[PDB]
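What follows is a short report on a single structure.
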Amino acid sequence: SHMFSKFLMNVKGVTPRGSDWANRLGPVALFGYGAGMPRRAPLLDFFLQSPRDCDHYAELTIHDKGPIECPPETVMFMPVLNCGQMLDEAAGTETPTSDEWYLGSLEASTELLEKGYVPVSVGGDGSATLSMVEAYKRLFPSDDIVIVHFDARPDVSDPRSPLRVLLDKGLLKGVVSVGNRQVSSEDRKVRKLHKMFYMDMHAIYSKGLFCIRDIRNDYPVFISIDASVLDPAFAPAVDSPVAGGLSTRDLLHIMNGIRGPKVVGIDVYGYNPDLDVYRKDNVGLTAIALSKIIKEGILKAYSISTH
Amino acid sequence: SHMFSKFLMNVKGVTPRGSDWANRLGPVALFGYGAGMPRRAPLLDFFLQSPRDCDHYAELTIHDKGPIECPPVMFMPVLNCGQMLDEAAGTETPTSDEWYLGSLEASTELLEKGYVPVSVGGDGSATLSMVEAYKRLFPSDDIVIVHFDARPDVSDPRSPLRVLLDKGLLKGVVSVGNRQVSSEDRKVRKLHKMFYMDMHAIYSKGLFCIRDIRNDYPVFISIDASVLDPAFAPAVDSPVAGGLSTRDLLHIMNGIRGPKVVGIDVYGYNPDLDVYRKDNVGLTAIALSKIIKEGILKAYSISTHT
Amino acid sequence: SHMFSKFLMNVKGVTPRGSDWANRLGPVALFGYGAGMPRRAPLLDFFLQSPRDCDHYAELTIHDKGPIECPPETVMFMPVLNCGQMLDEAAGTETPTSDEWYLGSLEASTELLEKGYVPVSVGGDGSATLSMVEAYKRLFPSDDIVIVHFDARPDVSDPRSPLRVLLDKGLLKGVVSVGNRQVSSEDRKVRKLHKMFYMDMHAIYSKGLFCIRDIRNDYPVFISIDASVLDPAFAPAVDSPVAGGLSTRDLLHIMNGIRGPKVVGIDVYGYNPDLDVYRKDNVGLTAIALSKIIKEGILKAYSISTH
């Protein structure tokens, strides 16, 4: 698709990970993914203008071009390479097909991963999760991948669903679903069939949310986060909202518990501006919540350990 | 009132609870109640279009007519009796007494036909007519009410809860989530020996640490939307900050214990007071639809076991 | 400033704390402060129309003029002297300067304090914290003051920020920051340099929010509350909102744990009506939340003890 040309050309023009990064985690590359959502996708822009300091005492540094200098130990910097929006607006009114989104996402991820970057995708409908971990499995066939999936619903009963395809193709070592509260009968079958591990809302709430210290894991983890996992009071901008969800803080805490050798990638999606609750200054509530989730997600790619 | 005619005619035309329903809990009958709220009452419709799967792995099935087949499968049949007020049957607004007679009659019909009545919308007055209908049919049964609200709502002698307490139809009352308790409220509390669980007390104790609400008598569940924090359910008159999250309420509801459910009333929601998304979906509608669904699940699974 | 004349006229005409107040805590005086915020400031009016019963079975009684009768032992009344808005909305179109707001606040606070009242300021940008603590320090130089500061940010990296000024002038015995989740490197330096005690969001959440029983203290405490300490879902009406904050109930609980002999003053600020989320009937969500926080704040000024 010609809609992704300017973006994709800039991606494979990216300077590779320097030698000064050897044995260090990162760096992180960030791009905007808009499949299945309205053409106007403000989430990436909103995040880039958000404050850089995190919960844990570190600070994002954003760069539109390389080379990405590896920061010294004493400097709590976390470099992010902004690759901008995948879809170049005003390159036509054409809407990229699902397959075109997949190919565009697959290539960008392949390119970023090959150059030593941890890819973080922002926006869209979750299909980026499929193309991103397949790009990783292509480059690193021997690595075992486990996905930590935050979602109000399992979203695996449909054979065309991104997570279902990954399980069907046998590309996944394991899946940990977090926050489900709308589980269908078919969802339960796919659960038992693919031996999925799950932590539903009602269960983790009654055990105590802050009593979750970690999600133990030895394999490289992909972090897939549907905004629907949050309660509509925090993230209203989702199709078919499910009340009784995680607070933004709840989500941040569980994210911080993720354990593993490295982060293979991050997908933050499910956000639709047409569905958001807006302040009087026309700032959307869900964009506020996700901008924070994206930030602390990036911090995770830099600080994650097996224990 | 002629505004309820179409509805009431359908309710007493409802096929009675089959013999398959055995010694089982249920089934459930659902109707929309609009007393004290604007004519446009979208909560029932919004609930009907919501997904059917619950927190606990069961599934609502909605039916518009009998017979209600007793499921062998984790199905939970709900009989939709629709709105009580028939729109475009006149521009008239039913009086308080008309709303009372209508709900009383409907509840009486549904109850003795074996259904557990669930009322959605209105201002809480349905609680009065529903347990009075139960007490009329089951004079020997003792009734205890679990009442979720930001206010005790017993200072007014005309209150639905106060009338039931004054007529001595209630064995006991458990108030949950009160955070605006008046001096007059406290006097009525001690006089009727009401058990209460105020927000500040429940919170510092640990919300999730609430395992049970122990009880041996048939429970009525009365839920005012105002029990929830305005961040989750803003569509209430005189909102009180510092309330329950929707999840908090769902967890406390799940801890309710008892032999059976006499009825459920979900009210306090006014569409004119809601926070709306850009697509004009109301935040309070979202929260309440879930609470109704998990409330129905309670009528099917409640037990005396702690 | 002629904008504050009518207000100040009424304030220094206030009848002093009667002999009945004995050695009782209170009474409380309440005024509207609007520095750094839009001219229209509706928070005070919204509080005055709110229910007067508290969480802890006491009742606010609002009075527009003295003398403030001290209620009997068995009567759970908590008298509040409403001094109204500082800025008179019909004395001209002039916008008071920062210095004029400071001087006006300093004079009002001084006047109320020496008349035996505990001053509670509502609205503005947080600059009232500076002028009120200085007003108290002017009158009682021997008293040691500790501030309990609820905020999403440390807000001490800027040499002009109220909390930094107070620390630089050495008017503070100690500072307890609560709920910070956007801490900069500059913030960390000021923290260590001034021995500031802090309780950041991620920390207090993982340790158990309800498990916070008290904030032990022996010195008179000033309570400074930035609305931004609350999650945007509860208090959206803040400049540069930070997701993952406190629920209103979280804040109420932490406030209740605050210990001390007396309250030197209370400042509730950070609220901007232009940034609020509104119900269809045009009631702002942040106003609902803050109205409650103000009420339970007044309750603390009547019930605080070192135990």
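The sequence lines fix the lettering, A, B, ..., with proteins before strands; numbering per chain opens at 1. Because only heavy atoms are used, hydrogens play no part in the values below, and waters and symmetry mates are left out as well, while side chains stay in.
Using a 4.0 Å cut-off between charged nitrogen and carboxylate oxygen, A:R279 and A:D281 count as a salt-bridge pair. A salt bridge is absent between C:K295 and C:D55: the closest approach of a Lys/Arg side-chain nitrogen to an acidic carboxylate oxygen does not fall below 4.0 angstrom. The pair C:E296-C:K300 does not count as a salt bridge, with every side-chain nitrogen at least 4.0 angstrom from each carboxylate oxygen. Between C:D200 and C:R191 there is a salt bridge, with a side-chain nitrogen of the basic residue lying less than 4.0 Å from a carboxylate oxygen of the acidic one. Between C:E134 and C:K137 no salt bridge is recorded (no basic side-chain N to carboxylate O distance below 4.0 Å). Look at C:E59 and C:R52 and you find a salt bridge, because one of the NZ, NE, NH1 or NH2 atoms lies within 4.0 Å of a carboxylate O, short of that distance.
Applying the salt bridge (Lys or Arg N to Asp or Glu O under 4.0 Å) test to B:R151 and every residue at least two apart in sequence or in another chain returns nothing. Qualifying salt bridge (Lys or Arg N to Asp or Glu O under 4.0 Å) partners for B:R179, counting only residues two or more places apart in sequence or in other chains: none. Shown here are the side-chain contact (heavy atoms from CB on, under 4.5 Å) partners of C:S105, two or more places apart in sequence or in another chain: C:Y33, C:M86, C:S109, C:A128, C:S131, C:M132. Listed by chain and number, the residues in a salt bridge (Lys or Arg N to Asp or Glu O under 4.0 Å) with C:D53 amount to none (sequence neighbours excluded). Applying the salt bridge (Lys or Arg N to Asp or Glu O under 4.0 Å) rule to C:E94 yields no partners; only residues at least two apart in sequence or on another chain are considered.
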N/O donor-acceptor pairs under 3.5 Å from side chains in residues 223-232 of chain C, not counting sequence neighbours:
from, atom 1, to, atom 2, distance (Å)
C:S224, OG, C:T129, OG1, 2.7
C:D226, OD1, C:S228, N, 2.9
C:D226, OD1, C:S228, OG, 3.3
C:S228, OG, C:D151, OD1, 3.1
C:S228, OG, C:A152, N, 3.4
C:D231, OD1, C:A233, N, 3.0
C:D231, OD2, C:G244, N, 2.8
C:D231, OD2, C:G245, N, 2.9

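Between C:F7 and C:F31, the ring planes lie tilted relative to each other; the angle falls in the 30° to 60° range. Between C:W101 and C:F4, the angle of the ring planes lies from 30° to 60°, which puts this pair in the tilted group.
A donor atom on one side chain and an acceptor atom on the other are found under 3.5 Å apart for C:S50 and C:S291. Using a 3.5 Å distance cut-off with no hydrogens or angles, the side chains of C:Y205 and A:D250 do pair a donor with an acceptor.
Remark: side-chain polar atoms of C:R259 are not paired, donor with acceptor, to backbone N or O of C:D218 under 3.5 angstrom.
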